[PDB]
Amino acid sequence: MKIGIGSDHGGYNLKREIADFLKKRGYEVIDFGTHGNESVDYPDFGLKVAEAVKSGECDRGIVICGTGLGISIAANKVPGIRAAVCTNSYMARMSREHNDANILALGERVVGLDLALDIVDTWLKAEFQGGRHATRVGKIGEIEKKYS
């Protein structure tokens, strides 16, 4: 399974830690940058990860900024993307079980490293439950079709 990862300078150090964690577990990782601490704009990297997920070049993505908010809002602008900002494993599990999220968003200034690794572990392992959740995901798709 291939994981795209991306961040602004606010999520860069946590991104390096997560890239390292994911490889150790045998995931293939595509790092879309950013590639240092220089100030950059979270929507550009949100977009790269979200577009790699939409095109099937990654199966899912993880996006990181100070809070997770900006980069996840930007990712969710892409039709077919469901980016979930999670600050605990319960939200991470539900985002997979219920929302079928294909992007996990994290905030490097909000969650400490080991908590964020717990969240990523939970999210990678949880599974979509279909049923009424698929119905609701289709209704998300109807919003996208409306404003397309």
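Residues carry their position along the shown sequence, with the first being 1.
When the mean C-alpha temperature factors of 16-24 and 128-136 are read from the deposited coordinates, 16-24 comes out higher. Two stretches are in play, 44-52 and 64-72, and the higher mean C-alpha B-factor belongs to 44-52. Looking at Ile103, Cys86, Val29, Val111, the one whose CA carries the top B-factor in the deposited record is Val29. The entry lists a Cα temperature factor for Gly107 that places it in the lowest third of the chain's modelled residues. When all modelled residues of the chain are sorted by CA temperature factor, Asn37 is found within the highest third. Per-chain ranking of the deposited C-alpha B factor places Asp121 in the middle third.
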